[PDB]
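In the numbering used here, the protein residues as written are 1 to 293.
For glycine and all other residues, C-beta sits at the position ideal for the given N, C-alpha and C.
Take a look at the structure set out below.
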Amino acid sequence: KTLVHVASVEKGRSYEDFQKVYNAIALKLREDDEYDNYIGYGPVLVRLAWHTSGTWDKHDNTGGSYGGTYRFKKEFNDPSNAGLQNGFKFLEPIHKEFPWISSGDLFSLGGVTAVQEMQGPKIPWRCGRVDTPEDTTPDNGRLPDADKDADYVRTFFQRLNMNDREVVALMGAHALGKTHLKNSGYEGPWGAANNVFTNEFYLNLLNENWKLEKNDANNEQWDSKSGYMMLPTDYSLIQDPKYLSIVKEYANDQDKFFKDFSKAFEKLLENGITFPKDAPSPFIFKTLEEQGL
Ligand code: HEM
């Protein structure tokens, strides 16, 4: 409702063009493997895709992935986005090689490419985000706090038009990467396989022995002897009986998690965008592995 953003295909471009951009991102992911103590850039690219999309407000269609507004300093410097500059830096050479792609298309495609190259589910992706000017940049404060409970999380995500299943599925991306004390006031990875996309987050929530501890920034987080952590908002998925049932489902069905994540992540990346009836169908990009590259 209200403000309309219509997808407009980059002039003359088709699937092959975007597969080339995919491929450049995927090749750089392989090449720059030392980043973040050899975690690689996969996780921060997923997080960049989510934070550039996750500013959306369903009530008035402000924020969202369409405008590519993270490139403007208000949004780049959001405290909630601390760390994502690494993601943007990664994508700079990609954008220089492919200057025709929009910023919103690039940031969201970065996330799809990362998930797929990390052996996650295919994520259909649509082009046609259009850069919007600096004054369309959403204010800071629209991304979620980590110190809260399930009621917060549920209410938060209603603003992004996500239901309980979509919320728990999306949170499964916390298998990836880690919290960094200097970025967010939390420290530690959530699991062992943190640059391969799996349902480890749910298994760890249910099977590790968690202890509520204070980290060196004086914030509480849940820690396990194995060296893993969960944010208070992560742990809230097993405190709330409705979330817990879904966590159990995904812990017991890798394919179901893959399919529900793919749907929710595409939705997250497309919230706010109107696709014309005659727009191209969503693209499903081949991985490098599938291409023999
Ligand atoms: C209640 C919702 C969430 C909160 C409070 C939240 C909080 C966080 C925090 C505090 C960090 C660590 C940032 C850092 O110290 O570098 C993090 C990392 C991350 N988050 Fe979220 N998150 C949530 C939702 C999501 C969702 C929906 C996704 C994507 C689907 C996502 C993907 C990730 C990823 C991939 C990383 C690791 C990034 C890295 O390793 O560089 N998160 N998250």
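C-beta contact flag for residue i and residue j at 8 Å
i: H5; j: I246; result: no
i: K211; j: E220; result: no
i: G42; j: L268; result: no
i: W56; j: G63; result: yes
i: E97; j: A24; result: yes
Run of the beta strand (DSSP E) containing residue i, from where it starts to where it stops
i: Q221; result: 220-223
i: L212; result: 211-214
Residue i to residue j span [Cα, whole Å]
i: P121; j: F261; result: 8 Å
i: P232; j: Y186; result: 10 Å
i: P276; j: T52; result: 22 Å
i: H174; j: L205; result: 11 Å
i: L84; j: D135; result: 21 Å
i: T137; j: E75; result: 7 Å
i: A192; j: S226; result: 9 Å
i: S281; j: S102; result: 18 Å
Under the three-state DSSP convention, the category residue i falls into
i: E97; result: helix
i: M162; result: coil
i: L293; result: coil
i: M118; result: coil
i: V196; result: coil
i: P138; result: coil
Range of the contiguous alpha helix (DSSP H) that encloses residue i
i: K263; result: 254-270
i: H51; result: 42-53
i: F18; result: 15-31
i: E75; result: 73-76
i: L3; result: Element bounds for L3: n/a, residue is neither H nor E.
i: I39; result: Counting along the chain, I39 falls outside any alpha helix (DSSP H), and DSSP gives it neither H nor E.
Neighbourhood of residue i by C-beta distance below 8 Å, restricted to the same chain and skipping five residues each side
i: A217; result: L181, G185, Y186, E187
i: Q254; result: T198, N199
Cutoff 6 Å; reference residue i; Cβ partners in own chain excluding five residues on either side
i: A264; result: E166, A169, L170
i: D240; result: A150
Beta-carbon proximity list for residue i, same chain, < 7 Å, skipping 5 on both sides
i: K242; result: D164
i: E249; result: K256
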